[PDB]
Amino acid sequence: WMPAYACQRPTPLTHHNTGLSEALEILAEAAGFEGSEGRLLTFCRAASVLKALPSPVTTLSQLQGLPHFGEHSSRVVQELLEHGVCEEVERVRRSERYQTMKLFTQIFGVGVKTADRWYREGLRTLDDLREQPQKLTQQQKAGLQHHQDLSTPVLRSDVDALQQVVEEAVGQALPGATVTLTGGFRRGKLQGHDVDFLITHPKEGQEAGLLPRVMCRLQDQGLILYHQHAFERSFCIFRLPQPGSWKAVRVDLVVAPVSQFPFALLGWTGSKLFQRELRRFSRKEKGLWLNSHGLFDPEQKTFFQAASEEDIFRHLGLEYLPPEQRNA
DNA sequence: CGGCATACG
DNA sequence: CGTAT
DNA sequence: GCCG
Ligand SMILES: [Mg+2]
Ligand code: NA
Ligand code: NA
């Protein structure tokens with residue numbers, strides 16, 4: 001009744017088990033902070049199963065036969081159903097380790113490994129990091145400077161304004177080039193913490209060298225507060241107008257040749273768990289190797305040509321899911 | 001028990 | 001090491 | 001942590 005892979009089932013953005021899924025996702029996050037990628041995956045998958053259910057779980061027996069619910073995830077749900085709270089989840093929430101690792105890893109430029117090292121050095125607050133700035137990368141300095149703005153959600157109205165300024169720069173850099181909104185906003189989210197755009201051109205090869213030309217033009221317009229600088233992905237901080245002022249916003253720009261555009265669109269539309277599950281399914285169930293550039297048959301040694309996302313789902317034997325149902 | 005997605009900067 | 005879905 |  002419930003398939004084992006997230007790419008085999010629709011997952012809407014809003015659902016009927018929000019509290020249960022949130023709790024499991026705390027444990028997934030905490031597992032990641034400790035480097036337990038396997039446990040993170042299981043808790044992520046179990047949470048996603050609940051998002052895909054058609055009604056609320058009210059009794060423990062409703063978990064029977066659901067994939068990725070074993071002793072541990074079932075106990076979490078059982079405690080939430082019985083008491084409205086799971087002691088393990090609450091212990092994680094208030095732990096100094098969890099709170100500090102969450103604070104540090106949310107900094108642009110800081111991953112689990114860096115945050116863990118700082119935690120082991122005794123560091124706990126953003127101001128702790130500010131007081132020792134020689135130990136920071138330029139990327140981390142920017143993440144810390146802009147951390148407050150970057151913690152504030154971006155609205156869809158903001159996204160539309162950003163897309164227009166990106167299109168202007170892209171049109172000068174390469175007439176005919178197109179800009180597509182991807183990521184969480186393409187899946188229907190009304191807010192987000194970053195904006196994702198995918199850029200291509202209908203004439204194969206014309207997109208070569210495009211991203212530097214786009215970045216130089218955005219920078220000349222005074223819109224780039226931070227970027228790394230040939231390349232095809234740019235992780236930027238943009239200056240976004242606001243009433244009488246402005247705010248910093250994370251924007252990612254990606255270029256792909258049109259032959260690869262369906263694969264890049266699929267990959268950059270997510271969710272992250274949906275894409276991991278889709279690539280796992282492709283390799284393990286179909287023997288095909290999927291990434292954001294293409295889909296490879298290692299037996300024939302050939303790449304599948306796709307003209308659409310629909311093509312890719314068909315080539316994997318999966319029912320098509322629109323972006324709004326990929327919220328795994 | 002092995003496996004857990006797969007890239008680019 | 002960081003970044004992304 | 002869970003699946004096959
Ligand atoms: Mg995003
Ligand atoms: Na980070
Ligand atoms: Na992004």
Side-chain angles (χ1 to χ4, degrees), chain A residues 3-7 24 27-28 30-32 34-49 63 65-76 88 104-112 114-118 136-137 139-143 181-187 189 192-198 211-212 215 226-237 250-256 260 263-285 288-296 309 323 326-328:
Chain A
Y5 291 85
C7 55
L24 293 162
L27 302 185
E34 304 312 309
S36 307
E37 190 71 13
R39 292 174 166 76
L40 173 147
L41 272 171
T42 283
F43 284 129
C44 283
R45 291 166 179 165
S48 80
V49 164
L63 301 179
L66 294 182
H68 309 296
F69 275 89
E71 181 177 36
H72 199 146
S73 299
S74 296
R75 197 205 77 234
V76 173
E88 181 183 10
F104 286 173
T105 57
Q106 86 197 357
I107 302 173
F108 182 65
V110 180
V112 167
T114 298
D116 176 65
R117 178 172 55 79
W118 290 345
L136 302 171
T137 66
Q139 187 180 48
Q140 291 164 352
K141 288 178 176 175
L181 177 66
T182 66
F185 288 102
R186 182 169 182 247
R187 302 198 308 276
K189 287 180 68 61
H193 292 295
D194 59 85
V195 187
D196 303 295
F197 294 112
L198 177 59
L211 198 43
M215 292 310 303
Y226 166 91
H227 67 139
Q228 293 81 77
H229 307 66
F231 51 101
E232 66 204 45
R233 303 173 180 188
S234 283
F235 316 118
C236 311
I237 299 174
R250 278 277 295 106
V251 180
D252 293 331
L253 304 183
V254 184
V255 174
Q260 298 178 9
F263 298 97
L265 181 63
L266 180 60
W268 281 85
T269 294
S271 72
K272 165 179 178 181
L273 181 63
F274 190 96
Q275 296 306 306
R276 297 173 74 159
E277 292 278 288
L278 183 65
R279 293 167 187 194
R280 187 168 65 95
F281 177 88
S282 180
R283 176 180 286 268
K284 303 299 180 183
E285 304 302 324
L288 305 178
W289 300 349
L290 179 65
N291 63 25
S292 71
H293 300 321
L295 177 65
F296 185 70
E309 291 184 315
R326 306 180 199 160
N327 285 296

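Labels below follow one simple rule: chain letters A, B, ... track the order of the sequence lines, proteins then strands, and each chain is numbered from 1.
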* Where the side chain of A:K284 is defined as all heavy atoms beyond and including C-beta, which of C:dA4, C:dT5, B:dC4 is the nearest nucleotide? -> B:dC4
* Asked: Taking only side-chain nitrogens and oxygens of A:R250, does any of them come within less than 4.0 Å of OP1 or OP2 of C:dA4?
  -> yes
* If you check every side-chain atom of A:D194, which of B:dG9, D:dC3, C:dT5 has the closest atom? -> C:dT5
* Asked: Looking only at side-chain N and O atoms, does A:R276 come under 4.0 Å of OP1 or OP2 in B:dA5?
  -> yes
* Structure fact -> With the side chain defined as heavy atoms from C-beta on, A:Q139 is closest, among B:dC4, C:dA4, C:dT3, to C:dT3
* To do: Indicate whether OP1 or OP2 belonging to B:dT6 is found under 4.0 Å from a side-chain N or O atom of A:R280.
  => no
* Structure fact -> Picking from B:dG3, C:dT3, B:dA7, the nucleotide nearest the side-chain atoms of A:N291 would be B:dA7
* A:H72 and A:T42: CA distance, side-chain angles, deciding distance, side chain to side chain contact (heavy atoms under 4.5 Å, CB included) verdict -> CA-CA 10 Å; A:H72 199 146; A:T42 283; over 6 Å; no
* A:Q106 versus A:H193, side-chain donor and acceptor atoms under 3.5 Å -> no
* Taking CD from A:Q106 and P from C:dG2, how many angstroms apart are they, rounded to a whole number? -> 15 Å
* Any idea which of C:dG2, D:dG4, B:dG9 is nearest the A:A4 side chain? -> D:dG4
* Structure fact -> Of the candidates C:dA4, B:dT6, C:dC1, the side chain of A:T114 sits closest to C:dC1
* To do: Could you please name the option among B:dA7, D:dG1, C:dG2 that lies closest to any side-chain atom of A:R39?
  => D:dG1
* Kindly say if A:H72 contacts the phosphate of D:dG1, meaning a side-chain N or O under 4.0 Å from OP1 or OP2. => yes
* If only side-chain N and O atoms of A:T137 are considered, is one of them under 4.0 Å from the OP1 or OP2 phosphate oxygen of C:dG2? -> no
* Would you mind reporting whether A:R39 and A:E34 have side-chain heavy atoms less than 4.5 Å apart? => no
* 5'-most contact on DNA chain B: A:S234 or A:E37, nearest heavy atom basis? -> A:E37
* Could you tell me if the ring centre of A:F108 sits under 6.0 Å from that of A:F235? => no
